[PDB]
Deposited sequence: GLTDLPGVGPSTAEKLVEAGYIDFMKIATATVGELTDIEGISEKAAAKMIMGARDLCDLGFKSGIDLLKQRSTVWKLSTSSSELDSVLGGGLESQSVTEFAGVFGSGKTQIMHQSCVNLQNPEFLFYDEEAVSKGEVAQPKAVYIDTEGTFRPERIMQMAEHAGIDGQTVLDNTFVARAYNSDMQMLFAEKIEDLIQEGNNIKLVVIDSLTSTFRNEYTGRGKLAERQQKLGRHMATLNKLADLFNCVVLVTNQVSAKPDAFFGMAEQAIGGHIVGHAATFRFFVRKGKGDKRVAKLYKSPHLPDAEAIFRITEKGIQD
């Protein structure tokens, strides 16, 4: 527990738990100011527990085989499409933010729904059991921050039915928050940590859409928009890392051919970026154009009554 930390006694631990610092990584990655803002915690005590948490979490230089072990803590979520899983190097990655931008109706929201369904199929989580334990991915839950009102429980049921999963179980293990503007959107994202503290193993976070709120609220003001968006994406990236979570976001496009909106801050902050377009009928094509370790490539798949397939 928190009292394992230097300078931290039962009293200080109570103050930390109340201020939301319940595990070591959050303390190890905190700033002294951040902790001193907690009544009762001094600069000296704050600096001492941060150093102790870094030490207990072994956050130092690593080399050799240890570098491979860190990469092995990443687990991946299947998309239900073999070509898409392949272009992704296996599946959607935990500890990163993956963005699907695309023209209207291309399937961005369908992919988000399919992901909430797939999270409830144990065989769709791919991981190295020696680096990620069965308990770490047990009873996974998803958080869907819907900023457009397009969450559709009947779609969840249909995709689950076709996947052989129970639809009600997916709805029971998915938290949906409807955000009507960028302030709500950002706050819900900041509150995911509270869901985790309440015992929910959040392993998938969806922000659909990442930018439609900001784009119609900040139309001159393009700096304050970029600033707020940057804070939001830092929160997303940090939660993906600290909670070994897959974070997926959708994005719209504008002319100039098309470019995902959101400018440089969204461009730098999204770890993986895709452009999704429609093919003939129910065919879709997802083009990976940014990733840390894979070549750009395209995946053809379909969206049908069953969800994503092929």
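According to the record, C-alpha coordinates are lacking for deposited residues 220-221, 259-265.
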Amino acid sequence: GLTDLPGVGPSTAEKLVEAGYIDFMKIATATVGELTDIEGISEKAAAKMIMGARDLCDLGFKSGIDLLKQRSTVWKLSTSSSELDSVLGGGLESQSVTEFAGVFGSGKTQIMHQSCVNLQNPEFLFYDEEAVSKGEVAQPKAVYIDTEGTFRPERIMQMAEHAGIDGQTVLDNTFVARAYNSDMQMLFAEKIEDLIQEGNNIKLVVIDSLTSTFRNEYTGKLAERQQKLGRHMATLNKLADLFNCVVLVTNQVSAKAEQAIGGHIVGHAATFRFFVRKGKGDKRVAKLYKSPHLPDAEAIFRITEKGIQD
From here on, numbers count along this sequence of modelled residues.
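Of the two segments examined, 93-101 and 124-132, it is 124-132 that shows the higher average Cα temperature factor in the deposited entry. In this crystal structure, the stretch out of 186-194 and 222-230 whose C-alpha atoms carry the higher mean B factor is 222-230. Ranked against the other modelled residues of its chain, the C-alpha B-factor of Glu161 as given in the entry falls in the middle third.
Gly281: CA B factor in the highest third of modelled residues in this chain (values from the PDB entry).
Per the PDB record, residue ranking by Cα B-factor puts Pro140 in the middle third of the chain.
For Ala299, the recorded CA B-factor ranks within the middle third of the chain. Only modelled residues enter the ranking. Ranked against the other modelled residues of its chain, the C-alpha B-factor of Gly149 as given in the entry falls in the middle third.
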